[PDB]
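To begin, one chain is listed below as structure tokens, in the form deposited in one PDB entry.
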């Protein structure tokens, strides 16, 4: 059942945490190096960040130092967030479900 889904999910997280790394970096850069922050946003315009690898591939050709920073940042981000994810997602679902099904229930009366 699961391993098929769990894999697809993991790919999705891989791309998403990359996007988050870029955001994190984009924000620091908007303060520290406006020129770079603008460049990075212009790049994200010409390149669909969801294809995380094609994205990083292209950038390697244009700006080696930045993609090197993305690679590090996303790993650290990953480590720091992946710890508490199982529990959060599980309880949030259990809540949402509870809400939705009692929502439906009074929504009848």
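We call the rigid core whatever largest set of C-alpha positions still superposes within 1.5 Å between the two forms. Residue numbers count along the first chain shown, from 1.
Not on display, but discussed next: the form deposited in another entry.
- Once the cores line up, the CA of residue 86 ends up less than 2 angstroms apart between the shown form and the other one.
- After superposing the rigid core, the Cα of residue 12 is displaced by less than 2 Å between the shown form and the other one.
- In a rigid-core overlay of the protein, residue 23 has its C-alpha displaced by under 2 Å between the shown form and the other one.
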